[PDB]
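See structure below.
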Amino acid sequence: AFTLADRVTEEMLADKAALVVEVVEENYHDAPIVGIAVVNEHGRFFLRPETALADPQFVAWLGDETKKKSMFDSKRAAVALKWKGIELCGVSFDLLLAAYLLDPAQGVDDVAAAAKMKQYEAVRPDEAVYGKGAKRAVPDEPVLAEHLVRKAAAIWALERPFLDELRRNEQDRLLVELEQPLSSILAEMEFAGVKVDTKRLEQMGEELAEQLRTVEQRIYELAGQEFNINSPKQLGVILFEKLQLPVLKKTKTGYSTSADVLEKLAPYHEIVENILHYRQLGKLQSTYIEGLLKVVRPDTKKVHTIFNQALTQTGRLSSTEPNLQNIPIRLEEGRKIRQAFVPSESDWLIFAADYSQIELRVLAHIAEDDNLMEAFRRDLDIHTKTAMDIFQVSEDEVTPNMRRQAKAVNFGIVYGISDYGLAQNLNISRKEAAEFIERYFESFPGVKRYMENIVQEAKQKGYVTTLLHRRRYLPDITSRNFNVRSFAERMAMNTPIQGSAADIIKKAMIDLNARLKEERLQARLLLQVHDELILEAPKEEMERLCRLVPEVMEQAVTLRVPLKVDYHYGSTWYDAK
DNA sequence: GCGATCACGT
DNA sequence: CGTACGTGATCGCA
């Protein structure tokens, strides 16, 4: 049983408690808090939010760093409280992060899923209480209050066994010194938001919409017909049935119309280049112009992403609603979208710092490949050096095409090395890609050794680890299905690289946050994009930041090779280039 | 409401 | 069939 409390009392403010600050809306920014549960040594309590969040003693308890709280997904609550002007401190255990570190592949997304990991089932899944999608709703107080108290009681019961397993995994410091401090930094980042120049976006959208009508009309005059270009159904019967274009690859139901295939088809018909142009314009228009404008808060012209900290299998963050980690930059037309991301105050600038080749530097260090480490010690262009070695030529003999292919091997080697994906990527045969690999491994024998040894260790231990002891279990490494096994071997090779890079930038974020506060700087972290950090700061702080941010990022860990950080600043995200 | 394509990023 | 890891939009079916 539990107390359905009318007012806050002192026994609810013990210095240790499991706390539930329930925000049911998926996007928690400026979202309602529907209820609160506290379990401590004195009892189990449900508090209505409009009561507890108005009680200065409860608010003081929330904000006291010496009163320790155990929670599930504290960042959700922390941010929902930030929007009410209330500080959340003292969160010493986050069950969501603890479950994520113990096994990311469980997809642990609620308290019930995490409790099942320890044979605790006295709590319902959120989706069983709230419903799914359309039918989603907050239930009556008795049903809500029992759910929140069952979640708090589970967190209370589950902290010792999770912490015990984290300790056995040598992951206790990972949780307490990396992921939980990082949760607080991400909350500040999401709450700060990023300013959007919405007239610029709107003006871009009208230009795209003009160029989309023109290209659309050209596609119809080239097909002799009107049809929905956005549908691979109709597009396939225009291209491969009406126009008789060669079918270079079939999908499951019909024909494939990837940009992979269409570029091969361009010699045969003028329609193909126009379809490709239509698709690129439509992507910007749909995902990045209209998509962004839909999530901008009209009162502040800011977007407030949500960083999913417990989702990827490698330890990367992900970014939702909006995804600020896939804003275009490769092609110039779409890169202009970054002009609409601006500082949130006058006379501030955007500052962006990015690791140079962090994955291949981590691999140099992890593999202790003499040739790879020396390449980075000499600060070589790694793709050109790899080409010199694979093709056995001097620097001046590296053609652009050789460097492009050596680059593809290098991006392949970070992924699962297997040829078919390189052969597909380089539009070559398996037979030829295989010999690319063989010549790479003759040049970097320590990488070869590391790739053999890590697959062997994944089979022996059942998991691979990153630099800071993140793990990923790989049960498919023993499968007798060749596809399933190969996927697990590729993950065994990639995950210590991709995941160690993720560890490093997360530690840098923590180190950067500490330094900016020590230095009393107004600069604020806004975004992380896997290997870059994006800040905004007063114009008067740029010179100091040029020295500070790269140093902190470069010194986050000490590897057998240097870490290298490039950085740029400008009046928009675009100009920070 | 829900897989399958497709395309955007690192 | 497979390059690694994500998110979002569109379509099409039931």
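Chain A is the first sequence line, chain B the second, and so forth, proteins listed ahead of strands; every chain is numbered from 1.
Of the candidates C:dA4, B:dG9, C:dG2, the closest approach to any side-chain atom of A:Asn326 belongs to B:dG9. You'll find that the side chain of A:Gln498 is closest to C:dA4, out of C:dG2, C:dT3, C:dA4. In the set C:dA4, C:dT7, B:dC6, C:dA4 carries the atom at the smallest distance from any side-chain atom of A:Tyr415. In the set B:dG9, C:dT7, C:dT3, the nucleotide with an atom closest to the side chain of A:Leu422 is C:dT3. Set against C:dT7, C:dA4, C:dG2, the side chain of A:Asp419 has C:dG2 as its closest nucleotide. Residue A:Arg430 places its side chain closer to C:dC1 than to any other of B:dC8, C:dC1, C:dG6. Each of B:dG9, C:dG2, B:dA7 was ranked by its minimum atom distance to the side chain of A:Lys283; first place goes to B:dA7. Relative to the side chain of A:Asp531, the nucleotides C:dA4, B:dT10, B:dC8 differ in distance, and B:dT10 lies closest. Distances were taken from every side-chain heavy atom of A:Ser256 (C-beta onward) to each of C:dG2, B:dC6, C:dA4; the shortest belongs to B:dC6. Closest approach to the A:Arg279 side chain among B:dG1, B:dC6, C:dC5 is made by B:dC6 (side chain taken as heavy atoms from C-beta onward).
The shortest heavy-atom contact between A:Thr305 and A:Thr320 is OG1-O, 3.1 Å. Between A:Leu284 and A:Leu208, the shortest heavy-atom contact is CB-CD1, 3.8 Å.
Between the CD atom of A:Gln313 and the P atom of B:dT10 there is a distance of 22 Å, given to the nearest Å. Distance A:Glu359 CD to B:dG9 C1': 13 Å, rounded to the nearest Å.
The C1'-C2'-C3'-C4' torsion of C:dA4 is positive, so its sugar falls on the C3'-endo, or north, side. Judged by the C1'-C2'-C3'-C4' torsion, the sugar of C:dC11 sits on the south side, since the angle is negative.
Under a 4.0 Å N-O distance rule, the pair A:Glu290/A:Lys294 does not qualify as a salt bridge. For A:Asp381 and A:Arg403, the salt-bridge test passes: some basic side-chain N is under 4.0 Å from an acidic carboxylate O. We find that A:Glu554 and A:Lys564 are not joined by a salt bridge, their nearest charged nitrogen and carboxylate oxygen being 4.0 Å or further apart.
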